[PDB]
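# Commentary on secondary and tertiary structure
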Amino acid sequence: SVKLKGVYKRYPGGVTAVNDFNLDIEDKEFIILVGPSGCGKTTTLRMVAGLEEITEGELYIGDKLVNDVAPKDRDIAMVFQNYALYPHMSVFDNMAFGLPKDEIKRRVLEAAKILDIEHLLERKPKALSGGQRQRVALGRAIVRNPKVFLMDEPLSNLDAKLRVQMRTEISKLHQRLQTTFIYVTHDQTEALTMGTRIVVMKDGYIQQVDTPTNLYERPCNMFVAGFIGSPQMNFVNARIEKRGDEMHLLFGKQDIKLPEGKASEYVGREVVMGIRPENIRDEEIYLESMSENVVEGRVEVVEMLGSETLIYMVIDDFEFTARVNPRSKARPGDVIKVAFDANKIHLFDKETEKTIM
Amino acid sequence: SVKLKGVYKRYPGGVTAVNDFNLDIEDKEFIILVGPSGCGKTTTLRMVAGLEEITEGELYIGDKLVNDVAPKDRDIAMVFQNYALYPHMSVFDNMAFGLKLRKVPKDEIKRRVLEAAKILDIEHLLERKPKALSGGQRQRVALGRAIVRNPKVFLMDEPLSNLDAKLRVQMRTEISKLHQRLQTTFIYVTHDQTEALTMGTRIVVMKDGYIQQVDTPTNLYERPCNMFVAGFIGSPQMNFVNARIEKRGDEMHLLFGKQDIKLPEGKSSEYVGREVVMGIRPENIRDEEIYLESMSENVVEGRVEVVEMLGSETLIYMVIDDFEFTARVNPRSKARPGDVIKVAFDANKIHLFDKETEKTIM
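Residues numbered from 1 in each chain as written, not as in the entry; some residues may be left out. Chains lettered and ligands numbered in written order. Heavy atoms only, no water. Residues with missing side-chain atoms left out of burial classes, pairs and counts.

The PDB entry lists chain B under the name ABC transporter related protein, with Acetivibrio thermocellus given as the organism.

The name given to chain A in the PDB entry is ABC transporter related protein, with the source organism recorded as Acetivibrio thermocellus.

As structure tokens, then:
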């Protein structure tokens, strides 16, 4: 367990890098820190590790306050992008720096075969490059059985398909040792599967802390909504209008009827509507059931992937991206009848940019 | 335009590698040859290129028979795994070769080489040598020696095999953009299936030497002619179970295990009562509550065992009775291992094959 109570970090010149970071990681938890560059996500990790000092706040590991504890005295394994293995040491010895009980150390180190480095086991760092030397750094930390793991983009020099293989082995390791993990990555796509809870940070402030599913389906503001999930969620200005007992959203000359179950102090007001691509669907089941919420749009580019078909269109004056089932019939220039799934509409304040529900 | 009329190739020992290969490529067309290893796809290219002889049949590039024409007199551009760039020549000279001894247009060779370089954004590499380049750049350079040929056909034998995951996709879309630019016939051979759905005008699926099907990407995907095309194109693989067709009233139902799926009015005779193989793709086993209300008749309970969230999709792996099935649904599903899920089978997208003959009934 690690707790950060009201933690600040200020840079030279008074600039605030991390602003009131409060969060309680329970033990045996996988927490992911995502956010744009300079959002303070990397800074907090260096502070939990003890590489930067904590200007203000408290940091506890278990029960012990460690703000002024040297990194070596925290029982933490760290992998950062300065992994920097020693050039004139074998792969084994470069992973065997756990001070120790030799001849069992080897067993655990050979078990690092999970990283597919067993065929490099007696090599030296210069013969590997890019991805392989980063998997060596991982290995070093992998055999440490610490109280918490701290990882800063440890799979960034690897290629797609091998990064995926090592992400599943990190998750299995957390499932096996059940020690706290704090994982930092630029990629968002690796947050949604790995972490128990995800923390979205922006310009030093944490926007939201929730489970991957909850971040995806209940964002707190337009930023989190437009930061998690790709391609970016579609955004339009819309006016809420009550017609009869129905509640409608109007943007351009188009008309979306919200389902009975939505709402008070925003009726007649103009809001921003948010729908994700996979909720603009063209299969005709939806075009008959959600007939009230079908809109005609002029397709401009289509992209077929085998997993999906992404359709980029323009409705009245606004560009929209849609995700439909693989191998679609749409082509650039035609106008297609898309249905907006009102049950998946997000509504934010135009000024505060936070959600109304 | 390229035509291959009844073309065969047999190996030492009498084994036939290519068996009655027939198809007429229209000019300015992108054709893809896909199939398992040793399906003869590489052999066919080697025969179009002139590197192997044609045992029987007729090859016509343009309007002329070229079975006995040397490759170099065939007006062919080739990017194969043979095309090692010349080690001690600049990429420029490596792109100006062939053109340099096909009746040198010295001035008109610089102009064309640099237009092919500007298309591939390799002009800032014109003075580097192949050993200084990396795999991806030399695959762009190798392509470049072919744009300067202005050929009648381009021949590509797995030219994106030496690349890593992301790079591949980047140079495929560049080829699709490239064919859309030169508007010359392309014949492309690749191992990966995913570009059935991405690259080609028409696709040829080959199996054990035979052409299984020649069709457009959508039609290849949506109307496979046999279980092989059905299970070779599309990922994850299409689900297959043995089922028996049964006529109850004028409805027609399909039964496998304890479950019963009713086909819509429009599916007919001379296969009813017999055991068939059913084929449905994962994106047609789907759990959205829209499906369970319209297609309540064809809702099935299945025990989830593994789920994989990808951001683009959610893959759900389930067992029904003794049978296994996979479904592809929206990115963040709530189904988790141990639960039982209520999936709807989209009857309008079920494929039915002969159990013995293994070819499609419709």
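What follows continues from the structure just given.
## Structural notes on helix α3 (residues 106–120) of chain B
Compared with the 21 Å implied by 1.5 Å per residue over 15 residues, the 22 Å span of α3 of chain B between its first and last C-alpha is a close match. A positive phi of about 50° marks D121 of chain B, the residue just after α3 of chain B. (Helix = DSSP H or I, 4+ residues; strand = E, 2+ residues; numbered from the N terminus. Expected span 1.5 Å × (residues − 1).)

## Observations regarding the state of the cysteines
All chains considered together, the criterion is met by zero disulfides over all chains. Note on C39 of chain A: no disulfide assigned, nearest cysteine sulfur contributed by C220 of chain A at a separation of 14 Å. Considering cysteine sulfurs only, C225 of chain B is the nearest to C39 of chain B, which forms no disulfide, with 14 Å between them. (Disulfide = S-S within 2.5 Å.)

## As for the pairing of strand β19 (residues 340–345) of chain B
All names here are of chain B. Bridging between strand β15 (residues 285–286) and β19 involves two bridges; their strand directions are antiparallel. Directly across from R286, in β19, lies its bridge partner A344. As paired elements, strand β16 (residues 299–309) and β19 share five bridges and run antiparallel to each other. Following the sheet pairing, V300 is matched in β19 by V343. (Pairing = 2+ DSSP bridges.)

## Describing the sheet that holds strand β13 (residues 254–258) of chain A
Residues and elements named next belong to chain A. Reading across from one edge, β13-β12-β11-β14-β20 is the order of the five strands in this open sheet, with antiparallel pairing throughout. Of all the strands in the sheet, the pair left with one neighbour each is β13 and β20 (346–348). Each strand of the sheet is rotated relative to its neighbour by a mean of 40°, with strand direction disregarded. Across six bridges, strand β11 (residues 234–243) lies against strand β14 (residues 270–275) in antiparallel orientation. (Axes fitted to C-alpha atoms, helices over the stretch in contact; angles between N-to-C directions.)

## Some points on the packing of aromatic side chains
Residues and elements named next belong to chain A. Applying the stated rule across the entire model yields 21 aromatic pairs over all chains. Their ring planes at 20° and their centres at 5.3 Å tell us that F223 and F227 sit as a pair that is stacked. Taken together, the residues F223 and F227, both in helix α8 (residues 222–227) and four residues apart, mark about one turn of the helix. Summarising the burial analysis for this pair, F223 and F227 share the class buried. (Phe/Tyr/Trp six-rings, centres within 6.5 Å; stacked < 30°, edge-to-face > 60°. Buried < 20%, exposed > 50% of the residue type's maximum accessible area, 1.4 Å probe, protein only.)

## What to know about the environment of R46 of chain B
Residue and element names in this part refer to chain B. Tracing the backbone shows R46 in helix α1 (residues 41–49). For the pair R46 and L155, spaced 109 residues apart in sequence, the C-alpha to C-alpha distance is 9.2 Å. Among residues more than four places away in sequence, those in contact with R46 are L51, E52 and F80. (Contact = heavy atoms within 4.5 Å.)

## Some thoughts on the interface of chain A and chain B
Contact residues are listed per partner, giving 24 residues for chain A and 25 residues for chain B. Sorting the residues of the side of chain A that touches chain B by element identifies α5 (160–177), α6 (191–194), α7 (212–217) and α9 (284–289) of chain A as the ones contributing at least two each. For the side of chain A that touches chain B, the leading source of residues is α7 of chain A, giving four residues. Classifying every residue of the side of chain A that touches chain B gives eight nonpolar, seven polar and nine charged. (Nonpolar A, V, L, I, M, F, W, Y, C, P; charged D, E, K, R; others polar.)

## Thoughts on the pattern of salt bridges
All names here are of chain B. Considering all chains together, one arrives at 22 salt bridges over all chains under this definition. Where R248 meets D260, a salt bridge forms, and the shortest distance between an N and an O atom there is 2.7 Å. Of this pair, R248 sits in strand β11 (residues 239–248) while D260 sits in strand β13 (residues 259–263), and the two are 12 residues apart along the sequence. The partner of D354 in a salt bridge is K355, and the shortest N-O contact between them spans 3.6 Å. For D354, a relative accessible area of 6% translates into the label buried. (Salt bridge = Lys/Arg side-chain N within 4 Å of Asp/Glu carboxyl O.)

## Side note on α5 of chain A
Between the first and last C-alpha of α5 of chain A there are 26 Å, a value that for 18 residues agrees with the 26 Å anticipated at 1.5 Å per step. Where α5 of chain A terminates, the next one or two residues include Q178 of chain A, which has phi positive at roughly 50°.

## Looking at the side chain of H179 of chain B
Examined against the element boundaries, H179 of chain B turns out to sit in helix α5 (residues 165–182). There is a polar contact of 2.9 Å between the side chain of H179 of chain B and the backbone oxygen of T184 of chain B. (Polar contact = N/O pair within 3.5 Å; in protein donor to acceptor, adjacent residues only side chain to side chain.)

## A few points about a nonpolar patch on the surface
Together, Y86, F97 and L101 of chain B make up a nonpolar patch on the protein surface, roughly 310 Å² of accessible area in all. The class of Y86 of chain B is partly exposed, set by a relative accessible area of 39%. (Patch = residues over 30% accessible without salt bridge, like charges linked within 9 Å, V, L, I, M, F, W, Y side chains within 5 Å. Areas by Shrake-Rupley, 256 points an atom, 1.4 Å probe, with all protein chains shown as cover.)

## Regarding the side chain of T43 of chain B
All names here are of chain B. Looking at where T43 falls in the secondary structure, it is placed in helix α1. Residue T43 is classed as buried on the basis of its relative accessible area, which comes to 7%. Polar contacts involving the side chain of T43 include one to the side chain of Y11, which spans 2.8 Å. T43 has contacts with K9, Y11, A17, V18 and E52, leaving out every residue within four places of it along the chain.

## Structural notes on the sheet that holds strand β15 (residues 280–281) of chain A
Here five strands make up an open sheet; going across it, the order is β15-β19-β16-β17-β18 (chain A) and the pairing antiparallel. One side of each edge strand has no neighbouring strand; the edge strands of this open sheet are β15 and β18 (319–324) of chain A.

## Comments concerning unusual backbone geometry
What you tend to see is this: most non-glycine residues have negative phi, and most peptide bonds are trans. The residue after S230 of chain A, namely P231 of chain A, is reached through a cis peptide bond having omega -5°. Looking at the secondary structure, you find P231 of chain A in the loop between α8 and β11. Cis geometry is found at the peptide bond from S235 of chain B to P236 of chain B, where omega equals -5°. Turning to its location among the elements, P236 of chain B is positioned in the loop between α7 (227–232) and β11. Unusually for a residue other than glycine, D203 of chain A sits at a positive phi of about 50°. Along the chain, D203 of chain A turns up in the loop between β9 (197–202) and β10 (205–210). Even without a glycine there, the phi angle at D208 of chain B is positive, about 50°. Among the secondary structure elements, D208 of chain B is positioned in the loop between β9 (202–207) and β10 (210–215).

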